[PDB]
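Visitor: Enclosed are the sequence and the experimentally obtained structure.
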Amino acid sequence: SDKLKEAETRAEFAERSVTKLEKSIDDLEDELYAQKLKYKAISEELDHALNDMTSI
Amino acid sequence: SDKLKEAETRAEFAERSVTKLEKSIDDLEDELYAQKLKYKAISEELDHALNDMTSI
Amino acid sequence: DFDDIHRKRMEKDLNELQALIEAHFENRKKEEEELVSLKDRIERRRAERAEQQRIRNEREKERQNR
């Protein structure tokens, strides 16, 4: 009884923790993608500038 | 005994999930931070370019 | 003397500019569009993972609720 109470309790903590972890993971990944897309927009600004520089 | 076995297995699976999620989070964090530093550097060199233009 | 300034200056005056423009064009083309498309793809996979997590969490909470 002690063993299974312990196991279920720590398992519930594990489930809540892992779900919080998944929210964290998604937020981090989406923020990373947003930042990377901003960077690529900046890169295409630079690439338009380079196309101008094709003047040389 | 049956409940104990099932609970222990569920616990171990969730635990290994937890560890793997942490590792994934760490790696994505390293890459995102590297991107962040890259962005700050590109912006700073862009501003230096702007000030160089101001000079000449 | 002063006759190698042409042969060391005029060369890179055009070749370097054109080559760097080519490098910037190819790097932007390789990088930006592929990165945005890949991030969208990973976002779709992430949404599917979120749906799978919600379904599994709900069914397990339904069964285990005692």
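Guide: Cool, the structure landed. Numbers count the residues shown, from 1 in each chain, chains lettered A, B, ... in the order given.

Visitor: What parts of chain A come near chain C?
Guide: Taking C-beta under 8 Å from any C-beta of the partner chain as the contact definition, chain A meets chain C at A:15, A:19, A:22, A:26, A:29-30, A:32-33, A:36-37, A:39-41, A:43-44, A:46-47, A:49-51, A:53-54, A:56. C-betas here are computed from N, CA, C, even on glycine.

Visitor: ok, and for stretch A:17-25, which residues are buried?
Guide: A:18, A:21-22, A:25 (16 or more other C-beta atoms under 10 Å in any protein chain shown).

Visitor: One more: stretch C:34-46?
Guide: C:35-36, C:39, C:46.

Visitor: Just the residues of chain A next to chain C: which are in helices?
Guide: Within the residues of chain A next to chain C, residues falling in helices by DSSP state H are A:15, A:19, A:22, A:26, A:29-30, A:32-33, A:36-37, A:39-41, A:43-44, A:46-47, A:49-51, A:53.

Visitor: In ChimeraX, select just the buried ones from those residues.
Guide: The following ChimeraX line selects those of those that are buried, judged by 16+ other C-beta under 10 Å:
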select /A:15,22,26,29,32,33,36,39,40,43,44,46,47,50,53
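
Visitor: Of the ones in helices among the residues of chain A next to chain C, which are in range of chain B?
Guide: A:15, A:22, A:29, A:32, A:36, A:39.
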